Amino acid sequence: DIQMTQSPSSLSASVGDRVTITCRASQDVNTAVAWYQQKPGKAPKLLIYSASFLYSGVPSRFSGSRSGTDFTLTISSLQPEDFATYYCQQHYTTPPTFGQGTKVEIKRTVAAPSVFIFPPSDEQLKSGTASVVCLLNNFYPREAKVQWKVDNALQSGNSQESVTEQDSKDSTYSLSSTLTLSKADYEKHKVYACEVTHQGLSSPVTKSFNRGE
Amino acid sequence: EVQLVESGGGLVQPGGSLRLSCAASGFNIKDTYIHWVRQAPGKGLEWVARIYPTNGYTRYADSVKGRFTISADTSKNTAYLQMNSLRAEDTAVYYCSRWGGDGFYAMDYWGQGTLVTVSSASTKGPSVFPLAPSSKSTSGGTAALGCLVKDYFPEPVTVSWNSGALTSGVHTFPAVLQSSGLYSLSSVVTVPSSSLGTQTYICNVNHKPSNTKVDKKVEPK
Amino acid sequence: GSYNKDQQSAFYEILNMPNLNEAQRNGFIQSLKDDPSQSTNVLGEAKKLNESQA
Amino acid sequence: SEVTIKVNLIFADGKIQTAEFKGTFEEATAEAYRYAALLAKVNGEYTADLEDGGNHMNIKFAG
Ligand SMILES: [Cl-]
């Protein structure tokens, strides 16, 4: 079989930058190489086929070239909607094989998150569980520390985070941190606080509530 | 318009069988190769199998040989993937694609994909709870509110707001696998503070695998 | 449709496997119909499944 | 093992991009230097400064 080795694993660049992704075949594949763009949760989309030919309707900022067994995908002027994982594929021999993918992210200026907190709903509390949700909205970069304190006691091992994909227009992220407790434990305590550390904030932001307020 | 539509994905036990379909329109599969390609959650694209419906020639990835079979019915313009002896590592979104269509030597059209989940765990519909807007979810004249979609299996869940009339400012988070083995996600939306109490906000949650459909009105408490 | 005596033989082996459940048995039979070129591989996998559920 | 070599790509016009190379240390290293050589064809001769025992690189292009 032939393997396709893509580089780098990930690349982050500013809107308007020229971006270069590569793919190397383990042996000759002539020009039988295609490039695909995949947005999270969506089917891959063909950009370039036979190494250098632009598929119909694909913006001209995308181009591909070949030198021996080395293949290059170039985006000449990075747009915010270009964040995706890019894959090369050879069809020279069967099995056709894909590269491992290169994730491209958009670099932009720092933006501090809007921070909000949500107590467990009354409906949920009717059952035996309480979920406390902390929301960080529309921030950059992705890095952030979110800590939970219950009655000033630092919580560990009982929360989970989820993060959105970059906004296609403004390249920001949003993040949720969910604290999960039994109803009984939740009812034992009064002050629920989410503390957020982020580059855009001059010092950490604590968002807090008292149970029953 | 060329179009491919996969169906038949769902939850199946390890050792079990499933059959996927790929219905094609806007072209004849007799004129192209048809491929199946899969992607395990968080991983890369992996080629699975191909057929040339005109002569029935087939090829397979080594890892599915003998367990999966590809076929095509040209009269129905549909391709199929029978999948037996399923294993956890076969869990993936399965895409059907064409190759050689209009003379383009690449996969120019793909279906939306169909998720296959191989697991001994049982189906479970989600509980949907409000994330009510409050003085703790508002700043600069805009407020956040949402819906917590909790404890379901398997993926996926879809969430829309106001039957898809509300799309601006919506963030539906990727699902997270909880310790319990069940998934959970939130969907939030940011709206004008002044619209609270005058504009109705409803999250529409659909969990097809459990046949769960829930419309949850979210209000200030 | 019709089958040759080799295909009939493949059906017969799977049909008679004592440790497959009916979903698995029919799934493998369907695979035999799907792609005759895979008959040997399909029978091999069905046998492995059968043996593991003994 | 599975290390991630982080790389700052610093171009002649002041533009900065960042990249990650994954794999065993030796594979990732080779891949980072190969990528640098490729980019240098368009962006001018490169210089690679290594930090953190080779796990971080700063690569500048002459233009
Ligand atoms: Cl084969």
Side-chain angles (χ1 to χ4, degrees), chain B residues 7-22 29 33-36 48-76 78-90 94 96 116-120, chain C:
Chain B
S7 57
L11 179 57
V12 52
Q13 292 179 297
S17 293
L18 208 50
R19 190 179 186 75
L20 315 184
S21 302
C22 175
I29 70 181
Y33 286 85
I34 293 306
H35 291 254
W36 287 93
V48 173
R50 107 191 155 203
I51 187 169
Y52 198 58
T54 280
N55 59 23
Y57 277 47
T58 60
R59 295 299 300 274
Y60 296 89
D62 280 357
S63 62
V64 309
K65 257 179 201 60
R67 302 185 307 118
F68 298 7
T69 45
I70 190 179
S71 58
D73 189 337
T74 57
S75 67
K76 298 177 176 316
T78 296
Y80 304 93
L81 189 69
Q82 181 62 35
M83 308 167 69
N84 309 306
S85 202
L86 281 164
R87 297 194 287 261
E89 52 259 40
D90 297 311
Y94 284 73
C96 178
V116 172
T117 302
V118 182
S119 171
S120 298
Chain C
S2 62
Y3 309 102
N4 58 51
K5 294 187 177 184
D6 290 334
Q7 299 176 272
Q8 294 168 21
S9 181
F11 293 138
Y12 180 83
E13 292 193 45
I14 294 174
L15 190 69
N16 293 326
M17 287 172 186
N19 310 322
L20 296 179
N21 64 43
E22 293 314 299
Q24 299 165 327
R25 189 187 318 287
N26 290 294
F28 282 102
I29 286 160
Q30 185 60 58
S31 271
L32 288 183
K33 303 184 184 307
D34 280 349
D35 191 344
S37 83
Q38 295 293 306
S39 182
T40 300
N41 295 334
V42 169
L43 177 68
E45 290 297 325
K47 176 178 176 60
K48 287 196 289 187
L49 189 52
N50 182 73
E51 296 276 8
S52 84
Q53 303 178 165

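Numbered from 1 within each chain, the chains take letters A, B, ... in sequence-line order. All values below were derived from every heavy atom in this structure, side-chain atoms included, with hydrogens, water molecules and symmetry-related copies excluded.
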Residue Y80(B) versus chain C: region with a heavy atom under 4.5 Å: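 No part of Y80(B) comes within 4.5 Å of chain C.
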Portion of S17(B) that has a non-hydrogen atom of chain C nearer than 4.5 angstrom: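 Only the side chain of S17(B) comes within 4.5 Å of chain C.
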Verdict with supporting geometry, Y57(B) and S37(C), side-chain contact (heavy atoms from CB on, under 4.5 Å): CA-CA 9 Å; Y57(B) 277 47; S37(C) 83; over 6 Å; no
Check against side-chain contact (heavy atoms from CB on, under 4.5 Å), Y60(B) and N41(C): CA-CA 11 Å; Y60(B) 296 89; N41(C) 295 334; over 6 Å; no
Spatial distance of atom CG (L81(B)) from atom OG (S31(C)) [nearest 0.5 Å]: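 The distance works out to 8.5 Å.
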Pairwise distance OG(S71(B)) to CD(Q30(C)) - rounded to 0.5 angstrom: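 Answer rounded to 0.5 Å: 7.0 Å.
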Check: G27(C) main-chain N/O paired with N84(B) side-chain donor or acceptor under 3.5 Å: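 Pair found, side chain donor or acceptor close to backbone of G27(C).
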Least distance between heavy atoms, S85(B) atom then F28(C) atom: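 Taking every non-hydrogen atom into account, CB-CZ, 4.1 Å.
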Side chain / backbone / both / neither for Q24(C) at chain B, heavy atoms under 4.5 Å: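 Both parts, backbone and side chain.
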Among the listed options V42(C), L49(C), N26(C), the residue most often paired with chain B at heavy-atom distances under 4.5 Å: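 So the answer, after comparing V42(C), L49(C), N26(C), is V42(C).
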Heavy-atom pair count under 4.5 Å with chain C, highest-scoring of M83(B), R67(B), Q82(B):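 So the answer, after comparing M83(B), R67(B), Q82(B), is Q82(B).
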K47(C) NZ: over 12 foreign heavy atoms closer than 6.0 Å: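 Open.
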Within 6.0 Å of OH in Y3(C), more than 12 heavy atoms from elsewhere: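 It does: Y3(C) OH has more than 12 such atoms within range.
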Residues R19(B), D34(C); criterion side-chain contact (heavy atoms from CB on, under 4.5 Å); working and verdict: CA-CA 11 Å; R19(B) 190 179 186 75; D34(C) 280 349; 2.9 Å; yes
